Every structure is written in C-alpha cells, then in structure tokens.
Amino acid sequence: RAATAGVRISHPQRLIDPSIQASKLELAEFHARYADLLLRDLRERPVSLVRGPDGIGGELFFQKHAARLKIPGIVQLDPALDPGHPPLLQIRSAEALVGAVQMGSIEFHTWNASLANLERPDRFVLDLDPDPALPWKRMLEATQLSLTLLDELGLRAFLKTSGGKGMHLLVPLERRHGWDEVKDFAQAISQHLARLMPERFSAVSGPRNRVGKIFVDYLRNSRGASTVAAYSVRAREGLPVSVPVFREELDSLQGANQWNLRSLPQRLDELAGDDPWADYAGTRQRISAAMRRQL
C-alpha cells in the first residue's frame, strides 16, 4: 500500500470513469501522490464529500456529516458547530484523504473558514456560472472584468478552473468579519457587476435568470457551504481537475476542464515550481469602508 498512503483499497479495479478506463485504485493513488497539494486547502478546513459508490455513471452522495466514519484518520468535529446533525468532517492527512476515496469519495469541497475560527471566514468565493451554451470567450472576458473590479477595490484574487464549465475566484480575508458580512459583501460585488453590465452579468441564481449571461454566484459564502478544492477531481467525464492558474494565462485557456487527473502531472512539470497561488498564504486584506463605498 506504499502508493496508497498505507490504505487498503477494496475492489481496486472497479471503474470510476469508464470513458477513460480510470479505476478506483488509480483514483486512490492520485490522492496519495498529490495529498500534499490537496491538503494546501483541506488541512485546516471542514470538508464536504461527493461520493460515487458506482462511479460517475451512477449517482452522487453529497455528505457533510457522519456518525460512524470508517476512514482511519478522518477527524470528526464538534456537533455544537451544527446542532441537530452528526459531526462535521475534516481531513488533515494523506491517510485520511485516501481513506475517504476508499469509501467512495471522488470530490472534496471545503468551507470558507478554518479551524482557527469557524465563525469568521478567511475567504470568500465568486463562482462564475455561464449559460450552458455561452461561448468560452465570454467566460474569459467575464473573468477579466471581474478581476478588474477586484483590483479597483484593492483585493488580491486567486483563480482556478472549476473542472466543470466555469472559473472560481478566491479572495482571502483576515478573520475580522462574521459570516453574514462576508456573504453580503460578495453579493454586493455580484450585484455591482450586474448593474454595470446587465448584458453580461446576473446577480440572481437560477438558469432562467442567466440566459445568455453569466451568474456571479456568491451563495457559496453561506456558513456550511463549500467549494471544490484546488487540485481536486470532479465526478464528470474525463475526470477533470480544478486547477489554479495565473491571470496571465487566462486568455490562453480553452475550457474549465482542460486538465484532468492524468494530465495534471504534465501541468505541474510545465510549471516546474511556478505556483499561481504563491502569494495566497501571505495575503492580508479586509473589507474596508472604501470598498463598500465603491460598491
């Protein structure tokens, strides 16, 4: 089990994605090999799991709480954090991560807060959701415009492909605000973009409210909500991965799912050390009165 963080994998050969002949064992080995990359995000944050017992061809189970986990190493959080439900979950090691895969996990989504203080978010996320028939160039243009607004506000933003059809923007924040304040700030940004360019942006959820447009989703900033982790796999055809990218290579991207679990190694080799999110951990910023004025 040297390639699976010491974890025994049952039914190693069952297929997670038949389209590319990716097995459960391959998926486990991927998480063992890149455990450190995924932990850059999961290590100190509660995590929600997307489990697919029968592969992407079957149905998915989105789990937030668990009464009796069977993942050696998985941490069960205090119920007081979410009364009326079993304990939340946290993965802090490669063993726990691979153990989750052994139990059917395919995707890992994390909270916008860390164990240091789960009542004060340390980031907010903007998820650009396009019309299922909108040209890719529209997403690129929308992402560029969103980054421009963030720069005017004075906030550093870190982007990554979602692995699906859109782009994710993560904005770190000092733990000085409560959940409602951060969510309202994110909503303010969405609404602002929707007012400036109503032909491109929408601040209202629902596909019927973004026909031929892009929805700047701010709803994942609610307490308990989560966003797919950087470098994590998506339970979709080809097993694409959510990949952090430089703003400079934004216009060179062709799709939100251009990288997958098997092409990630090549991506990392091409970068050869270059880290798109190198300045993430060192970023120190907070919601200011000036920011609110601009919105």
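Position 1 is the first residue in the sequence shown; the rest follow in order.
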| property | result |
| --- | --- |
| Higher-scoring stretch by recorded Cα B factor average, 107-115 or 217-225 | 217-225 |
| 7-15 versus 278-286 - which carries the larger mean C-alpha B factor in the record | 278-286 |
| Given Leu81, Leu169, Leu89, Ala142, the residue at which the Cα B factor reaches its maximum | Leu81 |
| Residue with maximal Cα B-factor (values as given in the PDB entry) among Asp131, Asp127, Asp122, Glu95 | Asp131 |
| Third of chain Cα B-factors occupied by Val245 | lowest |
| Record-listed C-alpha B factor of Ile20: chain third | middle |
| Assigned third (lowest, middle, highest) for the C-alpha B factor of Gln76 | middle |
| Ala100 by Cα B-factor - lowest, middle or highest third of the modelled chain | lowest |
| Third assignment of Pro46 from its chain's C-alpha B-factors | lowest |
